[PDB]
Amino acid sequence: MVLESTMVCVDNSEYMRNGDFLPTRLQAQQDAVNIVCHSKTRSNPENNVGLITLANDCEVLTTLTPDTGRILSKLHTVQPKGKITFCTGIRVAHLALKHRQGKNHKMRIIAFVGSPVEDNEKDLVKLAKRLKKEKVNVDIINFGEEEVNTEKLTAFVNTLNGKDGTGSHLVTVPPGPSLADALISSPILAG
Amino acid sequence: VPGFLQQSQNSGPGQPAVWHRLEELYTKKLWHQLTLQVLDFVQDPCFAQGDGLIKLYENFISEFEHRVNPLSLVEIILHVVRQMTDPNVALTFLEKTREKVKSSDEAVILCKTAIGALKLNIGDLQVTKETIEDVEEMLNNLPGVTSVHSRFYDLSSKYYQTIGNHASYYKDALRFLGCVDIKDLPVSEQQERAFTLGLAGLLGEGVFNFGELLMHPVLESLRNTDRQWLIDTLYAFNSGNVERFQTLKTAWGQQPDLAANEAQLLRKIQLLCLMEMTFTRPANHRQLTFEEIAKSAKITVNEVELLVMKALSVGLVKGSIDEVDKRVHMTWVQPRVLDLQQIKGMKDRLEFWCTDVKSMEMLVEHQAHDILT
Amino acid sequence: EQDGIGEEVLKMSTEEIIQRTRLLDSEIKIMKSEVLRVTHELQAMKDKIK
Amino acid sequence: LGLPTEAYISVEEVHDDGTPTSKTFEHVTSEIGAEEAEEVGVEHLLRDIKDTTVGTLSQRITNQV
Amino acid sequence: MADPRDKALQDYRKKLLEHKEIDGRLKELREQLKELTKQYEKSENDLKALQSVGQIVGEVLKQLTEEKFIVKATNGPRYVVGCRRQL
C-alpha cells in the first residue's frame, strides 16, 4: 500500500543495436520493463509507471499514468538510433515528477543504462547535490556493455544518498545469457 | 573464422595491436566499436589490396548481422567496391546490397547516388536523369541526413560535364555549401571549387553575380593570394562598370570557356550598369537621357533602345521609354545588397525622415488639442 | 521447387546460410513489428467507431 | 502602446543560399474577428466611452493623431 | 555447424512454413483495418451531418435598396433581409 511515482527510463541509444546476450538487448530491456511494471502493480495498484527516453531528445512518449496498456503498446517498435544524452535525463525526469496529479506519492526513478556515459564529474555532482536538496531517490541499472567499477556512476550513487540514505542499488550485470535475475534478487524488493 | 583472421593479420602496419583488438571485439558480439575499427581500416590511406579478404568478412558480418544500421553499412561498402575497381560487377553487387536492405532506414537514397556515382563515366544518358530525379523525389520529410544532399551534389558535379548544365549547377553549388558547415579537407581541392563556382555564376542565363556571394569567405580567403583575377572581375560586375581594361585582362587570362561568351558578358554588364546608375542617383531625377547610358555602357545611340527593352523583358526594372525628349523614365523594382557607405546616407535621410514627421505631429497636437478629447 | 534444390548443389558457402538468413530474418522482424502495430491501431479504431 | 498579438509559422528550409541551416520561424500576419454574439456581448461590457460610429470631427483627428 | 547439402536444405524449409504463416493473416488484418476505416469514415460524415440547421425556402419579391431584399416564404410572411458577404 506504498504510494510512490515510479518513473522508468529506458535507453534507445544507437549502442543498443547489438546483442552481447543470446537474446536481443532490446528484448532484454523490454522484458526488464515488464517485470518491474508488474512488480509495482501487485504491490500497490495506486501507483503509476511511465516510460521516458533520453537518446538525442527526452521525448515524453507516455505520461506517468497508472494504466499499463498504453506502455505495453509503446514498449515495442522503439527504433534505437540516437546518441545517448544522460545529463539532461535526470532533470527531465524530476520535471516529470513535479507535474503530478497528487503530491502525496513518494518519488522513485529507475533508469536503464545500456550505453557508456561520457560526462563531466562536475555535471554529475551538481545533479547529485540537487537531488539531495530535493530528497529524490534514483536507481541506476546497467545493461549490455559496462565498464566494471566506473568512477562516474559509483560516485553518483554515493553522492545521491550519502550518510544513511535509501540504498539505491547499482546493478552490474555480467555479459552472458543471464536474465534479470540480478534485477529481481535485490532491487525488486530491496531498492 | 578465427583461423581466417590469423592468416589475414598481415599487410597493415603495426599488426598485432589492432588484430588482437579485432578478434576480441568479435567475441563480445558488439557492433559499434567493432564497426568503427573496420571503418578505421578503410579510412587508412594505404593501397588496401585486401578486398578479397574483407568481402568474405563483410559476408561474415551480414550472415548474423541483423542489428547494424545499414546507413554505415552502405557507407562502408561503397568505399570497398570503389577500391575493387571492377565496373562490370560493381553495379550487380551494389544492386544486391540495395535490395537486401529495404528497411525503414533511408539507405536506398544513398544507394541510388552510389548507382550513379559509379555509373557516371560512360553512357550517361539512359538512366542518369532518372536517378537524378529519383533522389530529389526521395528527399522528402527528412532534411536531416545531410549526406544524401552531399552525394546528390557530387553526382550533379559529374553531371556538370554535359552540354546544358549551368543554372541548376550553380544553384546546387549554393545548396551544398548551405547544408555543409565544416570544411574538413585542404585548400588544394577548395580552390578548384571556388574557381568553377566563379564560372557557373558567370556563364549563366538569369544571373548577374547574385550578391551575398563575395561575402561567403571560403572563396576570397583562399584566392586572394592566387591568380587574383576572378575576384577582380566580380568586383567590376558588382560595381556594374564596363571597365574595359579589366574585362579584357580576364579575356587574356581565361582562354577556354570565355571566347564563346565574351559577347554575352558584354551584353550582361550593359543590362547591369542600369541598376547601378539608377542606384547612383537616389530617385531625385530618375529620368535619365540617352547620353549617360551611351557614355557609361559605351554603347551607341542606335542600341540604347534595344538595351532597355531587354532589361524590361527580364524584370530588372519596370520603367518606360520616352523619345520626345530622348529620356528614359525609370522605376527601379529589383533591389540588391549595398555597403556601409550607403548605410550612412540612408540613416541621414532616415533622421530627416524622423525629424520631419515628429515636427508635424507637434504642430497637429498643439493646434487641435482643444478638439482632441 | 527446382530453384530450391539447384541453389543448394552448385554452391556450398555462397548463398546457403547467406541468402536464407537475410530474406527470412528481415521478413520476421517486420512481421513481428507489424503483427502488433496494426493490432494496436485496429483495437483503437474499434473504440472510435464505438 | 498599439501592439496586437503575434503569430509565426513552422517552416523548414536550410537558411537562404549558402548560410548554415536553422529554423527561421516566418511571420504570418494576424487579425481579430469576433462572432455575432461575441461582438454584441462586448458592447454590453465596456459601458465607459463606447466610441460611437462615424465620428464628429473629434474622434477622426485623434485617429490621425 | 558446417555446410552440408542436407542440413542447410532443411534449415529453411522449417522456416518457410512459419514466415508465410505470419504473412498470410497480415493481409487479412489490413483488409479488416481498411473496411473499419471506411466504416469510420461513414461515422464521421454523420457526425458532421448531425450539426446541421436547415434553411427556410423563400422567394425574392423585389429589391428595395442595395442591402434590403423583400422576400417571402412559401406560406409565411414577408421579410426585409440582406445577403451574407459574396452572393
# chains A, B, ... in the order shown; residues from 1 in each chain; ligands from 1
call {"tool": "select_by_dssp", "arguments": {"residues": "segment 42-177 of chain A", "states": "strand (DSSP E)", "output": "ChimeraX atom specification"}}
result
/A:49-52,106-113,137-142,170-172
call {"tool": "interface_residues", "arguments": {"of": "chain B", "to": "chain C", "cutoff": "9 Å", "atoms": "only C-alpha atoms", "output": "VMD selection string"}}
result
chain B and resid 59 to 60 62 to 64 66 100 to 101 103
call {"tool": "write_last_selection", "arguments": {"atoms": "C-alpha atoms", "output": "PDB file, in the first residue's frame"}}
result
ATOM      1  CA  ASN B  59      29.923 -11.625 -45.869  1.00  0.00           C
ATOM      2  CA  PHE B  60      30.629 -12.993 -42.378  1.00  0.00           C
ATOM      3  CA  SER B  62      25.846  -9.920 -42.887  1.00  0.00           C
ATOM      4  CA  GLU B  63      25.091 -13.580 -42.061  1.00  0.00           C
ATOM      5  CA  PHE B  64      24.341 -12.916 -38.378  1.00  0.00           C
ATOM      6  CA  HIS B  66      20.576  -8.150 -38.252  1.00  0.00           C
ATOM      7  CA  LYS B 100      18.938  -6.826 -49.397  1.00  0.00           C
ATOM      8  CA  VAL B 101      18.100  -3.866 -47.138  1.00  0.00           C
ATOM      9  CA  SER B 103      14.183  -1.387 -44.273  1.00  0.00           C
TER      10      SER B 103
END
call {"tool": "closest_atom_pairs", "arguments": {"of": "chain C", "to": "chain E", "cutoff": "9 Å", "atoms": "only C-alpha atoms", "output": "JSON lines"}}
result
{"residue": "C:4", "atom": "CA", "partner": "E:9", "partner_atom": "CA", "distance": 8.2}
{"residue": "C:5", "atom": "CA", "partner": "E:9", "partner_atom": "CA", "distance": 7.6}
{"residue": "C:8", "atom": "CA", "partner": "E:5", "partner_atom": "CA", "distance": 6.1}
{"residue": "C:9", "atom": "CA", "partner": "E:5", "partner_atom": "CA", "distance": 6.8}
{"residue": "C:12", "atom": "CA", "partner": "E:3", "partner_atom": "CA", "distance": 6.1}
{"residue": "C:13", "atom": "CA", "partner": "E:3", "partner_atom": "CA", "distance": 6.7}
{"residue": "C:16", "atom": "CA", "partner": "E:8", "partner_atom": "CA", "distance": 6.5}
{"residue": "C:17", "atom": "CA", "partner": "E:8", "partner_atom": "CA", "distance": 6.9}
{"residue": "C:20", "atom": "CA", "partner": "E:12", "partner_atom": "CA", "distance": 6.5}
{"residue": "C:21", "atom": "CA", "partner": "E:12", "partner_atom": "CA", "distance": 8.6}
{"residue": "C:24", "atom": "CA", "partner": "E:19", "partner_atom": "CA", "distance": 6.9}
{"residue": "C:27", "atom": "CA", "partner": "E:19", "partner_atom": "CA", "distance": 7.3}
{"residue": "C:28", "atom": "CA", "partner": "E:19", "partner_atom": "CA", "distance": 6.5}
{"residue": "C:31", "atom": "CA", "partner": "E:22", "partner_atom": "CA", "distance": 6.6}
{"residue": "C:32", "atom": "CA", "partner": "E:22", "partner_atom": "CA", "distance": 8.4}
{"residue": "C:34", "atom": "CA", "partner": "E:26", "partner_atom": "CA", "distance": 8.1}
{"residue": "C:35", "atom": "CA", "partner": "E:26", "partner_atom": "CA", "distance": 7.1}
{"residue": "C:38", "atom": "CA", "partner": "E:29", "partner_atom": "CA", "distance": 7.2}
{"residue": "C:39", "atom": "CA", "partner": "E:29", "partner_atom": "CA", "distance": 7.9}
{"residue": "C:41", "atom": "CA", "partner": "E:33", "partner_atom": "CA", "distance": 8.1}
{"residue": "C:42", "atom": "CA", "partner": "E:33", "partner_atom": "CA", "distance": 5.9}
{"residue": "C:45", "atom": "CA", "partner": "E:36", "partner_atom": "CA", "distance": 7.3}
{"residue": "C:46", "atom": "CA", "partner": "E:36", "partner_atom": "CA", "distance": 7.7}
{"residue": "C:48", "atom": "CA", "partner": "E:40", "partner_atom": "CA", "distance": 7.5}
{"residue": "C:49", "atom": "CA", "partner": "E:40", "partner_atom": "CA", "distance": 5.7}
call {"tool": "interface_residues", "arguments": {"of": "chain D", "to": "chain B", "cutoff": "8 Å", "atoms": "only C-alpha atoms", "output": "PyMOL selection string"}}
result
chain D and resi 14-21+58-59+61-62+65
call {"tool": "residues_around", "arguments": {"residues": "residue 29 of chain B", "least_positions_apart": "6", "cutoff": "12 Å", "atoms": "only C-alpha atoms", "output": "list in words"}}
result
residues 15, 16, 17, 18, 19, 20, 21, 22, 23, 24, 25, 144, 145, 175 and 176 of chain A; 22, 23, 35, 61, 64, 65, 66, 67 and 68 of chain B
call {"tool": "write_last_selection", "arguments": {"atoms": "N, CA, C and O atoms", "output": "mmCIF file, in the first residue's frame"}}
result
data_model
loop_
_atom_site.group_PDB
_atom_site.id
_atom_site.type_symbol
_atom_site.label_atom_id
_atom_site.label_comp_id
_atom_site.auth_asym_id
_atom_site.auth_seq_id
_atom_site.Cartn_x
_atom_site.Cartn_y
_atom_site.Cartn_z
ATOM 1 N N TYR A 15 23.875 2.373 -29.380
ATOM 2 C CA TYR A 15 24.668 1.251 -28.885
ATOM 3 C C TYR A 15 23.820 0.074 -28.429
ATOM 4 O O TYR A 15 24.386 -0.969 -28.096
ATOM 5 N N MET A 16 22.498 0.209 -28.389
ATOM 6 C CA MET A 16 21.612 -0.913 -28.125
ATOM 7 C C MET A 16 21.386 -1.787 -29.351
ATOM 8 O O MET A 16 20.793 -2.862 -29.223
ATOM 9 N N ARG A 17 21.867 -1.378 -30.520
ATOM 10 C CA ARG A 17 21.712 -2.148 -31.756
ATOM 11 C C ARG A 17 22.731 -3.278 -31.861
ATOM 12 O O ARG A 17 23.445 -3.387 -32.854
ATOM 13 N N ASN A 18 22.805 -4.123 -30.835
ATOM 14 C CA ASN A 18 23.660 -5.299 -30.828
ATOM 15 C C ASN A 18 23.121 -6.285 -29.808
ATOM 16 O O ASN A 18 22.293 -5.932 -28.963
ATOM 17 N N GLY A 19 23.571 -7.528 -29.916
ATOM 18 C CA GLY A 19 23.307 -8.480 -28.866
ATOM 19 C C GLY A 19 24.599 -9.056 -28.338
ATOM 20 O O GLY A 19 25.233 -9.888 -28.993
ATOM 21 N N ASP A 20 24.996 -8.620 -27.144
ATOM 22 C CA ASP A 20 26.027 -9.334 -26.412
ATOM 23 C C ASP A 20 25.454 -10.567 -25.745
ATOM 24 O O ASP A 20 26.192 -11.516 -25.463
ATOM 25 N N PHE A 21 24.148 -10.559 -25.510
ATOM 26 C CA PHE A 21 23.436 -11.660 -24.897
ATOM 27 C C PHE A 21 23.002 -12.620 -25.999
ATOM 28 O O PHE A 21 23.093 -12.315 -27.191
ATOM 29 N N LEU A 22 22.527 -13.793 -25.607
ATOM 30 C CA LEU A 22 21.882 -14.664 -26.582
ATOM 31 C C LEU A 22 20.547 -14.084 -27.068
ATOM 32 O O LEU A 22 20.283 -14.159 -28.275
ATOM 33 N N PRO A 23 19.664 -13.477 -26.210
ATOM 34 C CA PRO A 23 18.560 -12.715 -26.807
ATOM 35 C C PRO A 23 18.972 -11.312 -27.209
ATOM 36 O O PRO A 23 20.143 -10.931 -27.117
ATOM 37 N N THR A 24 17.990 -10.540 -27.652
ATOM 38 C CA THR A 24 18.201 -9.154 -28.033
ATOM 39 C C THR A 24 18.263 -8.275 -26.786
ATOM 40 O O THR A 24 17.494 -8.470 -25.841
ATOM 41 N N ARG A 25 19.217 -7.329 -26.777
ATOM 42 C CA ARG A 25 19.285 -6.331 -25.710
ATOM 43 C C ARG A 25 18.022 -5.494 -25.625
ATOM 44 O O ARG A 25 17.614 -5.099 -24.527
ATOM 45 N N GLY A 144 23.808 -4.369 -20.851
ATOM 46 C CA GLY A 144 24.653 -4.588 -22.019
ATOM 47 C C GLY A 144 26.123 -4.442 -21.697
ATOM 48 O O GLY A 144 26.658 -5.099 -20.796
ATOM 49 N N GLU A 145 26.789 -3.561 -22.442
ATOM 50 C CA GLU A 145 28.175 -3.239 -22.149
ATOM 51 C C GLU A 145 28.252 -2.377 -20.895
ATOM 52 O O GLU A 145 27.359 -1.576 -20.601
ATOM 53 N N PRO A 175 28.019 -9.730 -18.869
ATOM 54 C CA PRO A 175 27.561 -10.185 -20.186
ATOM 55 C C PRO A 175 27.484 -11.702 -20.237
ATOM 56 O O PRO A 175 28.329 -12.407 -19.681
ATOM 57 N N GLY A 176 26.447 -12.200 -20.903
ATOM 58 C CA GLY A 176 26.172 -13.615 -20.946
ATOM 59 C C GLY A 176 24.680 -13.870 -20.921
ATOM 60 O O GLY A 176 23.877 -12.937 -20.855
ATOM 61 N N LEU B 22 40.718 -6.733 -32.877
ATOM 62 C CA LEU B 22 39.603 -7.094 -33.741
ATOM 63 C C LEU B 22 39.028 -8.458 -33.377
ATOM 64 O O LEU B 22 37.809 -8.659 -33.437
ATOM 65 N N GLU B 23 39.887 -9.409 -32.998
ATOM 66 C CA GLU B 23 39.394 -10.731 -32.636
ATOM 67 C C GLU B 23 38.662 -10.738 -31.297
ATOM 68 O O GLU B 23 37.775 -11.576 -31.107
ATOM 69 N N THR B 35 32.486 -1.794 -35.460
ATOM 70 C CA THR B 35 32.234 -1.120 -36.730
ATOM 71 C C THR B 35 33.220 0.017 -36.955
ATOM 72 O O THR B 35 33.751 0.175 -38.060
ATOM 73 N N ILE B 61 29.931 -10.750 -41.684
ATOM 74 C CA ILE B 61 29.107 -9.819 -40.917
ATOM 75 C C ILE B 61 27.634 -10.063 -41.210
ATOM 76 O O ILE B 61 26.859 -10.414 -40.314
ATOM 77 N N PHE B 64 24.983 -13.111 -39.671
ATOM 78 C CA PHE B 64 24.341 -12.916 -38.378
ATOM 79 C C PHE B 64 24.342 -11.449 -37.960
ATOM 80 O O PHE B 64 24.426 -11.138 -36.770
ATOM 81 N N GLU B 65 24.185 -10.536 -38.923
ATOM 82 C CA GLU B 65 24.293 -9.120 -38.597
ATOM 83 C C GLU B 65 23.043 -8.629 -37.893
ATOM 84 O O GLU B 65 23.057 -8.447 -36.672
ATOM 85 N N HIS B 66 21.957 -8.445 -38.659
ATOM 86 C CA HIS B 66 20.576 -8.150 -38.252
ATOM 87 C C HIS B 66 20.396 -7.143 -37.109
ATOM 88 O O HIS B 66 19.342 -7.119 -36.467
ATOM 89 N N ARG B 67 21.405 -6.310 -36.845
ATOM 90 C CA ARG B 67 21.384 -5.376 -35.727
ATOM 91 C C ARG B 67 21.902 -4.023 -36.185
ATOM 92 O O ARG B 67 21.504 -2.982 -35.657
ATOM 93 N N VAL B 68 22.762 -4.035 -37.183
ATOM 94 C CA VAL B 68 23.576 -2.876 -37.528
ATOM 95 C C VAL B 68 22.767 -1.944 -38.420
ATOM 96 O O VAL B 68 21.990 -2.385 -39.270
#
call {"tool": "closest_atom_pairs", "arguments": {"of": "chain A", "to": "chain C", "cutoff": "9 Å", "atoms": "only C-alpha atoms", "output": "tab-separated table"}}
result
residue	atom	partner	partner_atom	distance
A:73	CA	C:40	CA	6.7
A:76	CA	C:33	CA	7.6
A:77	CA	C:33	CA	6.4
call {"tool": "select_by_dssp", "arguments": {"residues": "segment 115-286 of chain B", "states": "helix (DSSP H, G or I)", "output": "PyMOL selection string"}}
result
chain B and resi 115-119+128-137+148-158+167-179+187-200+217-223+230-239+244-253+262-270+274-280
call {"tool": "residues_around", "arguments": {"residues": "segment 115-127 of chain A", "least_positions_apart": "3", "cutoff": "8 Å", "atoms": "only C-alpha atoms", "output": "list in words"}}
result
residues 11, 13, 15, 16, 84, 85, 86, 87, 90, 91, 130, 131, 143, 144, 145, 146, 147, 152, 156 and 159 of chain A
call {"tool": "write_last_selection", "arguments": {"atoms": "N, CA and C atoms", "output": "PDB file, in the first residue's frame"}}
result
ATOM      1  N   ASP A  11      16.626   3.092 -22.432  1.00  0.00           N
ATOM      2  CA  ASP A  11      17.624   3.647 -23.335  1.00  0.00           C
ATOM      3  C   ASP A  11      17.373   3.103 -24.734  1.00  0.00           C
ATOM      4  N   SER A  13      19.443   4.306 -27.300  1.00  0.00           N
ATOM      5  CA  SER A  13      20.601   4.847 -27.989  1.00  0.00           C
ATOM      6  C   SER A  13      21.007   3.917 -29.127  1.00  0.00           C
ATOM      7  N   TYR A  15      23.875   2.373 -29.380  1.00  0.00           N
ATOM      8  CA  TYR A  15      24.668   1.251 -28.885  1.00  0.00           C
ATOM      9  C   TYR A  15      23.820   0.074 -28.429  1.00  0.00           C
ATOM     10  N   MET A  16      22.498   0.209 -28.389  1.00  0.00           N
ATOM     11  CA  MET A  16      21.612  -0.913 -28.125  1.00  0.00           C
ATOM     12  C   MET A  16      21.386  -1.787 -29.351  1.00  0.00           C
ATOM     13  N   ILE A  84      23.360   8.804 -26.957  1.00  0.00           N
ATOM     14  CA  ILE A  84      22.984   8.818 -25.545  1.00  0.00           C
ATOM     15  C   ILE A  84      23.298  10.176 -24.927  1.00  0.00           C
ATOM     16  N   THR A  85      22.314  10.737 -24.223  1.00  0.00           N
ATOM     17  CA  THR A  85      22.450  12.021 -23.535  1.00  0.00           C
ATOM     18  C   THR A  85      21.877  11.835 -22.134  1.00  0.00           C
ATOM     19  N   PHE A  86      22.754  11.792 -21.132  1.00  0.00           N
ATOM     20  CA  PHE A  86      22.359  11.408 -19.785  1.00  0.00           C
ATOM     21  C   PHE A  86      22.202  12.584 -18.829  1.00  0.00           C
ATOM     22  N   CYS A  87      22.909  13.695 -19.065  1.00  0.00           N
ATOM     23  CA  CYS A  87      22.907  14.805 -18.115  1.00  0.00           C
ATOM     24  C   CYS A  87      21.551  15.495 -18.056  1.00  0.00           C
ATOM     25  N   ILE A  90      18.128  13.236 -16.052  1.00  0.00           N
ATOM     26  CA  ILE A  90      17.664  13.317 -14.672  1.00  0.00           C
ATOM     27  C   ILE A  90      16.743  14.518 -14.498  1.00  0.00           C
ATOM     28  N   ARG A  91      17.115  15.657 -15.091  1.00  0.00           N
ATOM     29  CA  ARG A  91      16.359  16.891 -14.908  1.00  0.00           C
ATOM     30  C   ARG A  91      14.990  16.824 -15.576  1.00  0.00           C
ATOM     31  N   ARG A 130      21.803  18.476  -6.177  1.00  0.00           N
ATOM     32  CA  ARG A 130      20.452  18.986  -6.361  1.00  0.00           C
ATOM     33  C   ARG A 130      19.426  18.021  -5.789  1.00  0.00           C
ATOM     34  N   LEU A 131      19.600  16.721  -6.045  1.00  0.00           N
ATOM     35  CA  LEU A 131      18.636  15.735  -5.568  1.00  0.00           C
ATOM     36  C   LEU A 131      18.739  15.523  -4.064  1.00  0.00           C
ATOM     37  N   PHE A 143      22.837  -1.992 -18.330  1.00  0.00           N
ATOM     38  CA  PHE A 143      22.533  -3.013 -19.318  1.00  0.00           C
ATOM     39  C   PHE A 143      23.674  -3.157 -20.315  1.00  0.00           C
ATOM     40  N   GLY A 144      23.808  -4.369 -20.851  1.00  0.00           N
ATOM     41  CA  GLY A 144      24.653  -4.588 -22.019  1.00  0.00           C
ATOM     42  C   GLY A 144      26.123  -4.442 -21.697  1.00  0.00           C
ATOM     43  N   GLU A 145      26.789  -3.561 -22.442  1.00  0.00           N
ATOM     44  CA  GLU A 145      28.175  -3.239 -22.149  1.00  0.00           C
ATOM     45  C   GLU A 145      28.252  -2.377 -20.895  1.00  0.00           C
ATOM     46  N   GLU A 146      29.323  -2.578 -20.134  1.00  0.00           N
ATOM     47  CA  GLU A 146      29.515  -1.860 -18.885  1.00  0.00           C
ATOM     48  C   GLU A 146      30.981  -1.924 -18.510  1.00  0.00           C
ATOM     49  N   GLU A 147      31.591  -0.766 -18.300  1.00  0.00           N
ATOM     50  CA  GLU A 147      32.868  -0.749 -17.611  1.00  0.00           C
ATOM     51  C   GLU A 147      32.631  -1.083 -16.146  1.00  0.00           C
ATOM     52  N   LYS A 152      32.290   7.487 -12.492  1.00  0.00           N
ATOM     53  CA  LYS A 152      31.197   8.448 -12.567  1.00  0.00           C
ATOM     54  C   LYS A 152      29.931   7.916 -11.912  1.00  0.00           C
ATOM     55  N   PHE A 156      28.258   8.819  -8.197  1.00  0.00           N
ATOM     56  CA  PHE A 156      26.923   9.396  -8.254  1.00  0.00           C
ATOM     57  C   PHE A 156      25.968   8.677  -7.312  1.00  0.00           C
ATOM     58  N   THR A 159      27.057  10.028  -3.766  1.00  0.00           N
ATOM     59  CA  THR A 159      26.587  11.389  -3.533  1.00  0.00           C
ATOM     60  C   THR A 159      25.080  11.544  -3.686  1.00  0.00           C
TER      61      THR A 159
END
call {"tool": "atom_distance", "arguments": {"atom1": "atom CA of residue 24 of chain B", "atom2": "atom CA of residue 52 of chain B"}}
result
22.3 Å
call {"tool": "atom_distance", "arguments": {"atom1": "atom CA of residue 155 of chain B", "atom2": "atom CA of residue 113 of chain B"}}
result
7.2 Å
